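This document starts with one chain, in the form deposited in one PDB entry, laid out as structure tokens.
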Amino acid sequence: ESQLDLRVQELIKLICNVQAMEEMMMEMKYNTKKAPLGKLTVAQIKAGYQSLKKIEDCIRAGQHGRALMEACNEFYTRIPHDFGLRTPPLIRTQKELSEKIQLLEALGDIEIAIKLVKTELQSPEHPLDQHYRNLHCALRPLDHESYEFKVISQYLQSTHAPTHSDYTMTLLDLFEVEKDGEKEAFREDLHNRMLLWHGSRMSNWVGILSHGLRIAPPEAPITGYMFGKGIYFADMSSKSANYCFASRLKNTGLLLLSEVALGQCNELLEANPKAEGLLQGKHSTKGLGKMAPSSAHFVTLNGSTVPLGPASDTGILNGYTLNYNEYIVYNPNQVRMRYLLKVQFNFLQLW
């Protein structure tokens, strides 16, 4: 029998489920049958990113014919997909290229997860307890009556964007997060600390909790990252929640809240994959949104500003303009993971 709080038991059971990872990869068209997740290697993933660079080259030159077909076929050979009887689809847009980056990120997190979930041959501990220990990340459930639950609930609801109307979110459980080493590494000296959202797919949480949020590797396509290879956050819960890729079938997702040491922001109206080079002493990039929470409503929680909603106009308009802010830091030492929300997505099929 498990010695964990039942809330933690259910969380661990959810994120450490290998079959759920398999099903998630199958939904993304990855061929789990022919290329078992247990046998996938970091070298194979790295080569996958390299083949995306060649696709990126085609996209940035608007070459959509045989050169693109060949580049996509190379990627599909390295990272097996299951397209049934259909001609393999081409990867033609920045959006489609981003989906493939997301796949490789998920594969890397699953590679980590499969190693982590291995249990001891003989042990006095329940499997759930071994998985939990192997995270090296404390997860302490908070009561729904608590002040922290009240404020985080308010943050979640008040920053659900009105343009993200396809679903609502219900907070099922809330955990305080303390990742081994993060406090010691954190730039607690930097000003402008904010409590910001980060969403990710369900397959990714074992990786994120055990290794923290990470930046993209040098081999990844540069233009797959609209503000460069950093760690991306939102001040709108639903902007991050969209990156959970929850569905009617799998409607439980997680959202992470982290204390982010932004320091001096470099404010940008337009996307620039080379943004990190423009910092010139500044500590973070802020993609400037049309709509944002306003300072009048902000509260503090454990030394971080909480940008409570609702969102309203920022006076920012362009070319393209971001709907909502996004914040990018380029070193994990500017992040301290703080809360993990177990969220039920309630989908509305609107027409």
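The term rigid core refers to the maximal set of C-alpha atoms that superpose within 1.5 Å between the two forms. Throughout, we count residues from 1 along the sequence that is shown.
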Q) Deposited residues absent from the coordinates between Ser312 and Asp313, none, 1 to 3, 4 to 9, or 10 or more? A) none
Q | Of 130 to 138 and 196 to 204, the one with larger mean CA B-factor | A | 130 to 138
Q. For the stretches 2 to 10 and 340 to 348, which has the higher mean C-alpha B-factor as given in the deposited record?
A. 2 to 10
Q | Residue with maximal Cα B-factor (values as given in the PDB entry) among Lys150, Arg92, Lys118, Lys229 | A | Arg92
Q: Name the one of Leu213, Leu249, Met236, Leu257 with the greatest CA B-factor according to the PDB entry.
A: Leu249
Q) Taking the C-alpha B-factors as the PDB entry records them, is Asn325 in the lowest, middle or highest third of its chain? A) lowest
Q | Modelled-residue ranking by C-alpha temperature factor, third containing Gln280 | A | highest
Q | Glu267, C-alpha B-factor rank within chain (lowest, middle or highest third) | A | highest
Q: Would you check the entry's CA temperature factor for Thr163 and let me know if it's in the chain's lowest, middle or highest third?
A: highest
Q | Cα B factor band for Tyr155 (lowest, middle or highest third within the chain) | A | lowest
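Unshown form deposited in another entry; subsequent notes refer to it.
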Q: Kindly specify the one residue in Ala61, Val42, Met26, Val299 whose Cα moves by 2 Å or more between the shown form and the other one, with superposition done on the rigid core.
A: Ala61
